[PDB]
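Here the structure comes first, spelled out in structure tokens, and everything after it is commentary.
Quick reminder, even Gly has a Cβ in these numbers, built from the backbone with ideal geometry, and neighbours come from all protein chains shown. Computed from the coordinates by the stated procedures, all read-outs in this text should not be read as laboratory data.
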Amino acid sequence: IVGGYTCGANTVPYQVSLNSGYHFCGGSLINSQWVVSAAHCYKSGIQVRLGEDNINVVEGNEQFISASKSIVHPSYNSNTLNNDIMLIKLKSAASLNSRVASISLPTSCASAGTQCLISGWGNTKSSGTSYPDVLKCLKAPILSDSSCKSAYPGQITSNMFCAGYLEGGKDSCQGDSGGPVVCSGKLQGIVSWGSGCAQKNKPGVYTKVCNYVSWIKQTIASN
Ligand SMILES: [Ca+2]
Ligand SMILES: [Cl-]
């Protein structure tokens, strides 16, 4: 997250870190035994880390649970990142508390102008590299469909939306992938892609989760 702020320990209790010996991706806990992340975050050897603030320090409140099953969207296209969404089922159920809580799925899509909270342990630099150990937060608006497709001609599908600032200086970045975009207490976005970070007319591109709620619920229910 470039141009955000320190969330505060456990102020985003649905934010998970995906870990394969290191934090590599964000995720969103949607019930005690299921995480939503980006398909492009897919790999073997995933440990889900809940209750995390500093990902380099055990502060108490952490739950480390291995993934039992990963399900990449059937239609995930790694070339275009169309349908950039993946479910992860935990070996055992998260103990739910004030620091480890689920985020509700959308009952409908969000519109441009809605303010959202984007969070993650990703890069905080537009130029160069700096990785925070503590969770960063960004308030950013959903941008117009039209604004989004003009920034990335030919690359935005109905399964993608832009959030942020065409002026730049505020954006998701490398390491934030699979993380939450929450608007009005609903998981509307997954940190998917973009061109650079916090560059002018290059807003963050997010997986449009409201397109996936029927697939998420059917898959959870059958798995
Ligand atoms: Ca920690
Ligand atoms: Cl916050």
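When the chain is treated as a GNM, springs tying every alpha-carbon pair under 10 Å, which of 105, 96, 138 comes out with the largest mean-square fluctuation?
96
Among 183, 41, 109, whose mean-square fluctuation peaks in a Gaussian network model of the chain (Cα, cutoff 10 Å)?
Largest GNM mean-square fluctuation: 109.
How far is it, in nm, from the label point at residue 59 to the one at residue 24 when both lie 7 Å from their Cα along the line to the Cβ?
Each label point lies 7 Å from its Cα, and together they span 2.5 nm.
With n ≥ 4 as the cut-off for DSSP H runs, can you work out [θ] at 222 nm for the chain, using -39500 (n - 2.57) per run divided by the number of residues, rounded to the nearest 500?
-2000 deg cm²/dmol
Cross-link candidates for residue 186: which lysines have Cα within less than 16 Å, leaving aside residues fewer than 8 places away along the same chain?
139, 208, 217
Which order do peptides 122-128, 23-29 fall in by mean Cβ count within 10 Å, highest first?
Final packing ranking: 23-29, 122-128.
If each of residue 223 and residue 126 carries a label point 7 Å out from its Cα toward its Cβ, how far apart are those two points in nm?
The two pseudo-label positions are separated by 3.8 nm.
Considering only the other residues whose Cβ falls under 15 Å of the Cβ of residue 127, what net charge follows from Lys and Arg at +1 and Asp and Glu at -1?
+3
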